[PDB]
RNA sequence: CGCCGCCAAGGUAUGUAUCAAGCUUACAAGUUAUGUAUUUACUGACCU
RNA sequence: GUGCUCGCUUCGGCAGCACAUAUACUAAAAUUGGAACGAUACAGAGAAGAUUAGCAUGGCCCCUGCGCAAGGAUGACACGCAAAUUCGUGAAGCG
Ligand SMILES: [Mg+2]
Ligand SMILES: [Mg+2]
Ligand SMILES: [Zn+2]
Ligand SMILES: [Zn+2]
Ligand SMILES: [Zn+2]
């Protein structure tokens, strides 16, 4: 797609 | 600047022999596009065939999934322009020499040193394929690509060798129909050929043929799969499935959506791994 | 020959400015004036690559990143705008203006929870007071009671400023917070200022307690005087404390 | 008791738009004014 | 193809043994893009007056030279961007 894929771990916070 | 171990080599340039001998070099010829020192390899495909050493380098073949020496695709056996016209994304590359060409070429070689297994941009869009390009996908191709080019002194009648001249003879070429993107002269006629195929002659009335005789059901086609494949086209008025002939009857309100189904199912609608049988319904209350 | 003169003018300007950026690869005015000259054409797919290869020689400057971000914000493309804003703010965390203008673009956008994720990342880098009370004003301008209370517990443990000690007692002047106002006043009395009072907290404490009834207003100003600073007060406010106690009571004979 | 044997760059500039041979793959292929001390300019085809 | 062995029954026919797959395939090309130099015509020659020794910095400019010497007009190309001093607009916040 145009936007990149959102990487969030299983338990914690949103990863950048 | 470039070393290699083994090139791409689609099957129509390998020859008819699984046993070929090949010699290699460390720094051979320049590419005819970007002049990069690849490794030219030389082999003999057949006993009546020329050598067909190497046309381009490895890196420019790794951009667009192109074979090594005749500049066709590896995944089908088609040119590049048909492939990115059928997929509608070109993956642009410059034309000049030092403007932006070797810059992005060296950078795309630099970012592709890890994989060496898949192209840089075609990995995501070579999956949604086999719909429009499977119709012209030639199996067991003609070996006339491998035959040597035409020699002189038979055109003028001076050839002292006679039969032992290895190239060709008695082939008058034609100066009416013979690079990387465009333009290719017989390929335009090939697109006209795939645009001028042989469908059924359209009968001259106002879209009254809303029924259609599709069959070849067996045990793969079911009623809910067919009505959901018709649901993306539109809504039904009266559908049925008959099992004494393994067939299905569908109609539409204002014909046009089913019309592109007539574009979709002229021995072309391939679901559940079968070439379905389609001929015309009555639309006459007969 | 209108197209010939048009392409000749554009090609001469592009060639001159590409020779200018080829000569000097340090000063960044040339790339941004060239790219805003292409932005004047209003239809570009090449100026993003110009800003992208212009940050490779200098990514530590604020001006190029903010100008390309405001250029992409000026156009209607928001997805590529977010795709350059997030890498800008994760590249330079310590600057404030990128986060400010991205959150202001989100002020122009909706109030979705991704904005709150941006604001909690903006809390995570430990900025100064100017960011944090701006974010609590952001929480006030959408009328949030529970979440603004939630984000404000981590506020005091970083900055022990008296301007923040008196404004940790703000739910008194917002919700009146009674039992937890007594708990917040316990928090105002047990922490730093154990023997010197920081000469300002008990003023606002007695101010709100005079705004309240006569529960515990006699104890703090005159009877809790163990924590004095050599006179318990300057000359400027002691009689003001006395008249602050006098004429705002039950007024018995 | 008998050294030593000399070339060149340093100077008659070089940046352009057309017109062949040299070399290169032979391949991918379907405020006027006066008097004077005093310069600066101007004229007479002024003059050995 | 060639030599040897009656080895099998005619010197001749047969059989076995040994030798074991080269070539940028062309004398050509319908040919291919044709850059240097020379010729034509322009523009013309560093350093705030004139003639000018030069040595340098850069990279998408090269040449002569065996060059980690050197010389090519200092080998050529190097230009207006004032930044914060005054004022206007907009945003974030505080009393
Ligand atoms: Mg020099
Ligand atoms: Mg110089
Ligand atoms: Zn190449
Ligand atoms: Zn091939
Ligand atoms: Zn011949």
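Considering chain A, and only residues there that are farther than 18 Å from residue C:122 by Cβ and within 8 Å of chain C (Cβ to nearest Cβ), the residue that is surrounded by the fewest Cβ atoms within 10 Å (Cβ to Cβ) turns out to be A:2. The residues of the range B:163-202 include none that are closer than 23 Å to residue B:50 by Cβ, under 17 Å from the mean Cα position of the chain (by Cα) and either away from RNA strand D (no atom under 13 Å from the Cβ) or within 14 Å of another protein chain (Cβ to nearest Cβ) (or both). Inside the range C:83-131, residues that are buried (at least 16 other Cβ atoms within 10 Å of the Cβ) and touching a strand residue (DSSP E or B) at 6+ places or on another chain (Cβ under 9 Å) make up a count of 1. Can you pull out every residue in the range C:26-42 that is surrounded by 13 or more Cβ atoms within 10 Å (Cβ to Cβ) and either within 16 Å of ligand 5 (Cβ to nearest atom) or outside any helix (DSSP H, G or I) (or both)? Hit for the range C:26-42 is C:28, nothing else. Looking at the range B:75-82, is at least one residue touching a helix residue (DSSP H, G or I) at 6+ places or on another chain (Cβ under 8 Å), closer than 30 Å to residue B:164 by Cβ and within 14 Å of ligand 4 (Cβ to nearest atom)? Among the residues of the range B:75-82, not one is touching a helix residue (DSSP H, G or I) at 6+ places or on another chain (Cβ under 8 Å), closer than 30 Å to residue B:164 by Cβ and within 14 Å of ligand 4 (Cβ to nearest atom), which makes the answer no. Of all residues in the range C:58-82, those being within 12 Å of chain A (Cβ to nearest Cβ) and exposed (fewer than 15 other Cβ atoms within 10 Å of the Cβ) number 4. When you check residue B:136 against the structure, is it away from chain A (no Cβ under 14 Å), within 16 Å of RNA strand D (Cβ to nearest atom), surrounded by 12 or more Cβ atoms within 10 Å (Cβ to Cβ) and under 25 Å from residue B:13 (Cβ atoms), yes or no? So residue B:136 passes the test. With the requirement that a residue be under 14 Å from the mean Cα position of the chain (by Cα), assigned to a helix (DSSP H, G or I) and within 12 Å of chain A (Cβ to nearest Cβ), what does the range C:85-122 give you? Hits for the range C:85-122 are C:116, C:118, C:120, C:121. For the range B:25-36, a tally of residues being within 12 Å of RNA strand E (Cβ to nearest atom) and either within 14 Å of chain C (Cβ to nearest Cβ) or surrounded by 15 or more Cβ atoms within 10 Å (Cβ to Cβ) (or both) returns 2. For the range B:57-64, the criterion of being assigned to a loop (DSSP other than H, G, I, E, B) and closer than 30 Å to residue B:191 by Cα is met by at least one residue.
Output yes when any residue across the range B:22-29 is in contact with a helix residue (DSSP H, G or I) (Cβ under 7 Å, 6 or more places away or on another chain) and either away from ligand 3 (no atom under 16 Å from the Cβ) or not in a loop (DSSP other than H, G, I, E, B) (or both), and no when none is. Taking every residue of the range B:22-29 in turn, none turns out to be in contact with a helix residue (DSSP H, G or I) (Cβ under 7 Å, 6 or more places away or on another chain) and either away from ligand 3 (no atom under 16 Å from the Cβ) or not in a loop (DSSP other than H, G, I, E, B) (or both). Against the conditions (1) assigned to a helix (DSSP H, G or I); (2) more than 29 Å from the chain's Cα centre (by Cα); (3) within 13 Å of another protein chain (Cβ to nearest Cβ), residue C:52 satisfies every one except (2).
The condition of being within 14 Å of ligand 4 (Cβ to nearest atom) and more than 14 Å from every other protein chain (Cβ to nearest Cβ) holds for only one of B:129, B:39, B:117, B:69, that being B:69. If you go through the range C:150-159 and keep only what is touching a helix residue (DSSP H, G or I) at 6+ places or on another chain (Cβ under 9 Å) and surrounded by fewer than 17 Cβ atoms within 10 Å (Cβ to Cβ), you end up with C:154, C:156, C:158, C:159. Considered as a group, the residues in the range B:127-152 that are in a loop (DSSP other than H, G, I, E, B) and over 24 Å from residue B:197 (Cβ atoms) include one that is nearest to ligand 5 (Cβ to nearest atom), and that residue is B:151. Residue count for the range B:42-71 under the criterion of being within 16 Å of ligand 3 (Cβ to nearest atom) and either touching a strand residue (DSSP E or B) at 6+ places or on another chain (Cβ under 8 Å) or on the phi > 0 side of the Ramachandran plot (or both): the result is 9.
All of the numbers you see were taken from the coordinates with simple rules; none came from a lab. With ideal geometry, Cβ positions are generated from the backbone for all residues, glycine too; neighbour counts draw on all protein chains shown.
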